[PDB]
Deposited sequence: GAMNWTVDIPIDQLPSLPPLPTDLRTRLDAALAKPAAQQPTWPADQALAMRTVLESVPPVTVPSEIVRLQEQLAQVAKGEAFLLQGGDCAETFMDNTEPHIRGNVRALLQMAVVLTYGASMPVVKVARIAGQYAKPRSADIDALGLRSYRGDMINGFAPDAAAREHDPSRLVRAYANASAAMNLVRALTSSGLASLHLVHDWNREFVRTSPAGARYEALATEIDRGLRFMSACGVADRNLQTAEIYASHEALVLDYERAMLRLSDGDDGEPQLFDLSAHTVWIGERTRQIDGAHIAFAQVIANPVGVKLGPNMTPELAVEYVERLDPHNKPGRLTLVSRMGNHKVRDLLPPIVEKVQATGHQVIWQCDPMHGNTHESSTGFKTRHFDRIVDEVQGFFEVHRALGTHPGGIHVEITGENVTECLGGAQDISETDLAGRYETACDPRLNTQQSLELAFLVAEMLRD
């Protein structure tokens, strides 16, 4: 009839002082919010206020410690996953593939950087997106991600449905459960992950190019074993969860109070470990920035080509008022043709504040174009070149190129042009599967890690 099933829905409030501060923050204007009825939103938030959290505060405190090391130039941040997760594709094979692809990158980057890599997935919550246009090319209300409405090009599917708040949480908690299982039970074994990398080198069209570094890494691993390193710390990995904090109904409902066995109680957003604010919602006096101000999680802000040095400093002063290294990550996405010019005066001005942000490169979102064959796509070479320029900016300034933020999948999709597979405009039509932006496929994402490893090694 509909080919759906309906699932029926049937504790103490947050402290009054923290709620008072939250309410003053959320009184600010919020861009890009769903347009569902307030009373229905309230009902769904009330459901979510009672569910088990996706993450817990001690994990977020640990992440914060590891991100402080990144900010101080003593680790590197890898952040990667789908552009937009869908409920339909939130499956074991797909989750496992994206976790594998992230781990494979991390091995190569760890060796290249000669320092720890903090692994943060875009996963278990990346279900909401902004739109510039409220009507899409089919004359429909725009798809806004599965937390808000449906991808299917159908008017009914596109109506904003607050029950998707609860479907999002179910999907997020189920995905996170599996990410925890996979990372603690042997998928994330260093030797197993490297074996996958060896197979990539064996079969890639440009594997000859990456053979030398792959063999080095292999000889590094075998050296560890030769020296009598026990495989204990090598058996499991930590993968943290992240998404864009966009739908404030969801994020506010997933706020919890820490139990104060750590230093004192505060608000954590336990929908994720770390979240970032996007280019379309980072209004300095808007609700998203004010929400980020109130929560204890590490946070990031996207910085595009219109960014000024002065506005960047404002973000730093609002979001890192206590000068905690790693609390704030500034995520540059300029375009490969602009990054070398636009980034330096922003970095200089922010460095002069005495604060220590993480400088992270997003080489995807500034390098998107439309193909002749009608697909939204990005060229691999432009993605690579923005990271190259980003490294050059930091090397010239003596600052730390702190990490990358990429959109990838373990699927063999045909979404970005180029790479060693030499994906063409024609090829795009084969497996163009993204519900939003074009992702690096599993080979392209690994090839990028090898290339960035060589940047790190210089």
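According to the record, the deposited residues with no C-alpha atom in the structure span 1-2, 13-16.
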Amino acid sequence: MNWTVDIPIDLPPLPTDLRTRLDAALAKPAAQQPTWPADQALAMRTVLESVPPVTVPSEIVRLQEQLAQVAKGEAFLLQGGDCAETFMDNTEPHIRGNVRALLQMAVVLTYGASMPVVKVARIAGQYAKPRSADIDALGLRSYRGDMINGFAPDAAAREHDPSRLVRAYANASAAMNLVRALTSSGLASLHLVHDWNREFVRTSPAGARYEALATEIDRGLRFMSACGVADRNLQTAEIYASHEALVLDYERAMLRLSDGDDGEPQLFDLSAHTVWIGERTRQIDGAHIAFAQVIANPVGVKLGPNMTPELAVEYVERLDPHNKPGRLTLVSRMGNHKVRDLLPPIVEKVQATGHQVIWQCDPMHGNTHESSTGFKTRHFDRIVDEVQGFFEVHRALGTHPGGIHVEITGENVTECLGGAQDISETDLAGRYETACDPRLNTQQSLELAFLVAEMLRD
From here on, numbers count along this sequence of modelled residues.
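By rigid core we mean the largest C-alpha set that fits within 1.5 Å across both forms.
When the other structures are laid on the shown form by the rigid core, the stretch among 108-116 and 235-243 with the greater C-alpha deviation in 5 other deposited structures of this protein turns out to be 235-243. Larger average C-alpha displacement in 5 other deposited structures of this protein, relative to the shown form after a rigid core fit, is seen for 17-25 when comparing 443-451 with 17-25. The records show that residue 10 is omitted from the coordinate set of at least a third of the other eligible entries of this protein. In this entry, 423-431 shows the higher mean Cα temperature factor of the pair 423-431 and 408-416.
Per-stretch averaging of Cα B factors for 325-333 and 93-101 places 325-333 on top. The top Cα temperature factor in the record, among 198, 158, 167, 243, falls on 198.
The entry assigns its greatest Cα B factor, within the set 85, 362, 262, 269, to 262. Ranked by Cα temperature factor within the chain, residue 57 sits in the lowest third according to the deposited record. For residue 212, the recorded CA temperature factor ranks within the highest third of the chain's modelled residues. When the modelled residues of the chain are ordered by their C-alpha B factor, residue 283 lands in the middle third. In this PDB entry, the Cα temperature factor of residue 345 sits in the top third of its chain's modelled residues, the highest group. In this PDB entry, the Cα temperature factor of residue 163 sits in the bottom third of its chain's modelled residues, the lowest group.
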